[PDB]
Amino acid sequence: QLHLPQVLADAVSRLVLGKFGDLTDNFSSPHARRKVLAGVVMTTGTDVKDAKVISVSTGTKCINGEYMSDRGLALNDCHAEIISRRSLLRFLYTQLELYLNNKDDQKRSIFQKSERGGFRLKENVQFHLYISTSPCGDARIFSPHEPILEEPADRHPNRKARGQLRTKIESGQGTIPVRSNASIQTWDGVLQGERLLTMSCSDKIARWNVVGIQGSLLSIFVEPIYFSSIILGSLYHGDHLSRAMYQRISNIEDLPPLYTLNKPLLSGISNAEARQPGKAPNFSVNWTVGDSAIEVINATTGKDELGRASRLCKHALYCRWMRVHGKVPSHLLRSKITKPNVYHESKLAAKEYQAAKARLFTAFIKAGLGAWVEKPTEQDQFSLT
């Protein structure tokens, strides 16, 4: 019943692991098998009773080059924390839908009207990201073991490798830097046997710490949302994590209004999780609050065991978003969208968000940390049917 850093940390770890318990027949389910667990916990006050597990996810793999969807039906990245953020997106959509059904529901929604336009978060609402381990890339690649109590020092802080943007690589292990002669990925190229690169999770969370967690489409509706804390259940290295999360791009400049370099609370837990026994599960469990049960997606194909699209895929989210745009008057829009059709275009409508993202990419380039690796354009070139 407190709001100290460590008490908070242990609290959200406890809550997420517990909720995952409730969602998997108390860890008996075959879908309880996991290597990395992640989740998001909301707080609406300094008391732990005012804390609510929003989303829970597992997974350690990414889609194969073969199975990319030009329709956006696949999950490109099923590393636990990424999936957690996507589930959080679903929750946000649920809350916007809450605000827009009847005036009676508004008092129970986490959103309210914004004197700058569109919607914003009610005071004292905070989100907290939990990961059972350090996010792949800069935050963990150096020292993938627990820290030792005598020498927590990097011992080689000023190396070029430090802070560098790195990518998950298809069919290979370790998270590798970006190529100096990195011919940007092509759709037909990747489908023709080329190796798919995906930005590491450290890099992605830094990105979230600049452009927000809501992504481009929700910035049409809502003001930027940031994580107030990042809790690691194991492999917590303060200096490395702090570097990866924000510190390495302190040199960033000229951010659009309401956009800051978020520096969330970083904290491990008192009792670190031991490495989960057995093979690393082929799949990725997800769950958002207000759902009947978990959803199991095959991480290699980005779909479930029967080829059905996930509720977290680009398409589904776009459908939710479209259904929110229908119910929102143009004078409550932060950005002008008027008549939306294509995914990529609707993303580009969030001009401020896109400018912030540009500032991020430039921030990384100037520090000598590399150029961000985008999916081929064809990925976001689709509409609903």
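In this text, the rigid core denotes the largest set of C-alpha atoms whose superposition between the two forms falls within 1.5 Å. Each residue number is its position in the shown sequence, starting from 1.
- In summary, of the stretches 335-343 and 33-41, 335-343 shows the greater Cα distance from the shown form in 5 other deposited structures of this protein, with structures fitted on the rigid core.
- Looking at 170-178 and 296-304, the one farther from the shown form in 5 other deposited structures of this protein by average CA distance, after a rigid core fit, turns out to be 170-178.
- When the two stretches 57-65 and 334-342 are set side by side, the higher mean Cα temperature factor goes to 334-342.
- On average the C-alpha atoms of 176-184 have higher B-factors than those of the other stretch, with 176-184 and 252-260 being the two compared.
- Of the residues listed, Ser242, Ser219, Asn76, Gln106, the entry assigns the biggest Cα temperature factor to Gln106.
- Per the deposited coordinates, the residue with the largest Cα temperature factor out of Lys303, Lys204, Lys113, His128 is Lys113.
- In the PDB entry, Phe283 places in the lowest third of its chain by CA B-factor.
- Ranked by Cα temperature factor within the chain, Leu23 sits in the middle third according to the deposited record.
- Ranked against the other modelled residues of its chain, the C-alpha B-factor of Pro157 as given in the entry falls in the middle third.
- The entry lists a Cα temperature factor for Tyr93 that places it in the middle third of the chain's modelled residues.
- Per the PDB record, residue ranking by Cα B-factor puts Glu150 in the highest third of the chain.
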